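See structure below.
For this chain, numbers begin at 1 and follow the sequence in order. Note that these values count all heavy atoms, side chains included, but never hydrogens, waters or copies made by symmetry. As the structure lists them, so they are numbered: ligands from 1, and atoms in each ligand from 1.
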Amino acid sequence: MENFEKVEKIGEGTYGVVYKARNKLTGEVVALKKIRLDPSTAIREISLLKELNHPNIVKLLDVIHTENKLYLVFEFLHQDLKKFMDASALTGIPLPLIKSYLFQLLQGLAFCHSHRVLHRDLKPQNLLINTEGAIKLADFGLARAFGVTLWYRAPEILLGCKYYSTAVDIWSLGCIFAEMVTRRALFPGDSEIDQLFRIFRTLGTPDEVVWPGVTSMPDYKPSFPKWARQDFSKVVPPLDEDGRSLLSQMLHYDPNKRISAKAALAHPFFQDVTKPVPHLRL
Ligand SMILES: Nc1nc(-c2cccc(CC(=O)O)c2)c2nc[nH]c2n1
């Protein structure tokens with residue numbers, strides 16, 4: 001590369017290959033994302049995301065459009081939440097650290113949402129951690145500009161609603177919360193219908209009482225099986241009553257009923273939040 005002294009593939013991301021790269025002029029290590037194309041609107045829209053700065057969002061440092069190729073340059077972090085959860089599977093992530101991470105992620109969502117930016121595809125691979133106890137969300141705003149792990153997808157998306165709201169991100173974060181606590185994915189579906197039916201088997205099949213308008217969703221079928229709903233006490237033990245209450249508000253079926261990021265920060269579950277230091281093996 002003409003502007004990067006060295007470049008190493010990290011892995012296959014949601015938009016193309018992601019590289020660890022060293023800027024040739026400055027020496028700075030960045031995450032360089034090559035967008036897999038064959039989009040003038042996307043360039044201007046994403047370029048606006050360069051302006052956003054919060055401690056819990058991965059900075060978009062640059063948008064590079066050269067040689068008819070598109071690259072996004074982001075601030076590099078040394079581990080994602082997926083790998084951290086794997087590394088913590090025998091002990092679990094300590095509760096104070098789960099709580100710190102959830103609090104920080106909600107601050108990042110609240111910031112992004114207040115600026116009219118959604119994620120739409122939050123998942124452990126786009127939640128990145130550092131050695132100082134921070135966690136940051138990567139790739140906020142890209143999905144709208146550009147138009148597969150289904151495990152974190154909100155039910156309205158799975159039911160074919162093409163109108164996204166802030167609530168889709170709260171759903172995904174609720175699923176991630178549950179996974180940090182239990183050390184297993186909450187809804188590890190293998191297809192859209194398996195994903196939907198895993199949700200239904202835990203939370204009950206939605207109906208017009210809990211979710212007015214659900215039966216007019218594009219992909220809703222009156223033939224869906226009708227499962228009863230399970231208690232969160234069975235789903236995320238040993239999470240306490242405060243954590244279970246918050247999770248239940250993040251996982252309401254009706255997106256309009258789900259707690260906002262701002263309201264979630266005020267929940268009693270955060271009546272003793274702290275910022276612990278994680279043990280990261282790099
Ligand atoms: N080390 C590192 N890795 C990634 C990364 C690498 C591969 C995949 C993804 C997410 C996905 O494609 O869904 C993210 C970063 N994104 C911003 N900063 C980053 N730093």
Dump all N/O pairs between ligand 1 and the protein below 3.5 Å as a table: atom names plus distance, one pair per row.
| from | atom 1 | to | atom 2 | distance (Å) |
| --- | --- | --- | --- | --- |
| ligand 1 | 1 (N) | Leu77 | O | 2.8 |
| ligand 1 | 12 (O) | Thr14 | N | 2.7 |
| ligand 1 | 16 (N) | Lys33 | NZ | 2.9 |
| ligand 1 | 18 (N) | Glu75 | O | 3.1 |
| ligand 1 | 20 (N) | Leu77 | N | 3.4 |

query = Is it true that the side chains of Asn56 and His54 contain a donor and an acceptor less than 3.5 Å apart?
reply = yes
Geometric cation-pi criterion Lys33 and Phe74, 6.0 Å radius, 45° cone =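 Judged by the rule (NZ or CZ under 6.0 Å from the ring centre, within 45° of its axis), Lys33 counts as positioned above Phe74.
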ask   = Judged by atom type as modelled, is there a donor-acceptor pair below 3.5 Å linking the side chain of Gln79 to the main-chain atoms of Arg281?
value =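 Such a contact is found between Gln79 side chain and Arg281 backbone.
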query = So which pairs with a foot in residues 92-105 pass salt bridge (charged side-chain N to carboxylate O under 4.0 Å, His left out), sequence neighbours left out?
reply = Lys99-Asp272
request  = For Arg244, check salt bridge (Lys or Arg N to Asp or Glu O under 4.0 Å) against everything at least two apart and list the hits.
outcome  =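 For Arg244 the salt bridge (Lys or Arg N to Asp or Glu O under 4.0 Å) partners, ignoring immediate neighbours, are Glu241.
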task = Provide the full list of ring pair (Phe, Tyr, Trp, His ring centres under 6.0 Å) pairs with a residue in residues 229-250, sequence neighbours left out, each pair given once.
result = none
